[PDB]
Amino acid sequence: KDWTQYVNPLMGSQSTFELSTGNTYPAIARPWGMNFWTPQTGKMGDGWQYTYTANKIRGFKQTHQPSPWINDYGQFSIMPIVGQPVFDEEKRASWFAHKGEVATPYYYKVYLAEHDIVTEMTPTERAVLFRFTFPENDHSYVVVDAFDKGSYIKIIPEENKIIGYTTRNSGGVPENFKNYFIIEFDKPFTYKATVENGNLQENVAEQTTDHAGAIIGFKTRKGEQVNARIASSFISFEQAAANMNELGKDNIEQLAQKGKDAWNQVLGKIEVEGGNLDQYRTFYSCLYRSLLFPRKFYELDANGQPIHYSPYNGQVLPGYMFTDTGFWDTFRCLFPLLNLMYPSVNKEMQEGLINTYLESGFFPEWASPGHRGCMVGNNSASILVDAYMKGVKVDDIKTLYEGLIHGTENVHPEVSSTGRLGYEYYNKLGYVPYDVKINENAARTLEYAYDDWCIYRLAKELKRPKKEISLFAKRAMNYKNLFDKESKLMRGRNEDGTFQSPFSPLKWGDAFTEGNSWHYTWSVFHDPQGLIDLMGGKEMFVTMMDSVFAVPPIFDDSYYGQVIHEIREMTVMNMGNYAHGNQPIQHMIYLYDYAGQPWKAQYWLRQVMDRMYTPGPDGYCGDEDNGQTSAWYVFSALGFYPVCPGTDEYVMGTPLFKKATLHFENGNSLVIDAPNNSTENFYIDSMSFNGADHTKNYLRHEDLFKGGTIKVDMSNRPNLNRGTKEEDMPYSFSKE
């Protein structure tokens, strides 16, 4: 039963700086793999390491890059060639075409047209097997590139082996950071050379220099295959060698099979039927993208116990560690998805977070590998609390709570996105002022508020002191401090307490991050009713939502000076100011449920799923962002979305398929039957849950886990009476 056939790793690779259609590369990897491998079309150092329209491949690279914007670390490449032994990354490059390329999560193949060589790779979590099919030539070589900024290489002929380490990175690493790699060939070298800053040196065994490389070679018969076993570690050569054992004695075929099995095992936890081939492809591609980040950053020791290099303090320590995710993106639904279908995995991740705190002093917000300065918010709180509240509990709860509290009153000395920048003002005034030299104050305030709700939630659960509990309950209401009654919008506010003037609701950035007031105003995940109230009741609230879609996509970019890609992405979709291409607004359509008009959510949700996602190389409508934008589709296609992580609630949308089945780790299954689904029939007329009638606009975690059947009768006309009753509404803090 194979779902991998639907996965297109090229989806999102046809992106450019001006317009993102995903900004992804073909991550050939195991789920959450420590090391990813990709064909490399971009020049060394370029965030866009693989682009669909590129003509040439210049290497097969080990990568850890989460985003072109964030860039890479622990990176080196290998490239087979023929003819002259050349190290230069342009001269070694080869034309190829996509019709001569086969990309799957577990297997990658391509024909290098200028060398007449076929390259195949199959990876494990930490290692990979390459098989090079050479033409007949007296001069066949393999180039190993350690990249620049200080690297090391060494050839061991008596073991047909090349070892080295690479260090080029993009920040967020300890001074001693290194990636140690080992490469074993099954064919003896007739030619060997190391490379030292572009210089080829035959028979010099070893280089320690800015940019080390190696070239080995031999005579090849037509069709002769040479295999290279490769692995790496962030710990040591000894450890890299241990990692190499993941390959066993397997060949390309056997490893591919194991990787396929591995992926089907996770993709198969969600079976969908009764859709068209585009939908299958969009859906599983998205699911695959949701099982990559954060990556494992731990390695197995002699006793099979997890240990890790600390990207926070550079020691090697026992226990789990993961990295390469930005919580500002992924708290929204990516991690919620893990808690629903892959809690065993998130348990490891959560334990990793505890270690991050122990080793770093803070919980991370953006980590690649270590703390990096990107985005805003203290959403690690949502990640941590949502997990706990959903049954994924770390062993050290004392430490968890302390960590949470620590982050409310500290900001990292060098990485301002770690901890709460502006906490002094926030704690004192109730908001982060628009005029105190802290940017994106309004976005910070709104998210901090939701964060504090999460802390309140956990604190209550821990039966902490009333004074504590009350303090966060109070701070959860801070979003009110930025609400402008006249505009009905969230708005920047001065320290002196006056709202900021001139006010441009359509201006991006400044008070907000990559969105304007019309996008950020909806960021009250824990208290939609509270928001509804400030706007003057649900009717006015719905009017307000509706105009998001109804107005042209006009904008003010003065804060950026140029039409950044996320603005352009909005303009072209012709859906008003609904910028689905970016994270802040992604939950918004579901808010219709809270105002007693679920049918409007049903209508627009189906719009988005039909129009904003296609299965091709230009498949997404904005940055994919480490699973967030993909998992949005995954949830939404199933029919529900975790608007407010930290509750046990998935707010109801509309299911895309005629049947979906979930297999939870607990052994139960849940079937969602929508036999009458169609392109036309995207309204929910009625719903029953194991035979009971279900008029609510949400489902509960514990209920889903019990399994059974949900029936959804789809219709082509909205049902104006379902889900308008007050007990149908999802959670709002104000109602508590």
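Residues carry their position along the shown sequence, with the first being 1. Here the rigid core means the biggest group of C-alpha atoms that line up within 1.5 Å when the two forms are laid on top of each other.
- Annotation: of the segments 555-563 and 658-666, 555-563 departs further from this form in 5 other deposited structures of this protein (C-alpha atoms, root mean square over structures and residues, core superposition).
- In this entry, 571-579 shows the higher mean Cα temperature factor of the pair 571-579 and 606-614.
- Looking at mean Cα B-factors across 17-25 and 721-729, the upper value is held by 721-729.
- Among 319, 413, 123, 642, the highest C-alpha B-factor recorded in the PDB entry belongs to 413.
- Note on 329, 72, 196, 184: the highest value goes to 196, judged by CA B factor as recorded.
- Sort the modelled residues of the chain by CA B factor and residue 698 lands in the highest third.
- Annotation for residue 422: C-alpha temperature factor in the middle third relative to the rest of the modelled chain, per the entry.
- Per the deposited record, the Cα B-factor of residue 172 falls in the lowest third when ranked against the other modelled residues of its chain.
- When the modelled residues of the chain are ordered by C-alpha B-factor, residue 59 sits in the lowest third.
- Ranked by Cα temperature factor within the chain, residue 646 sits in the middle third according to the deposited record.
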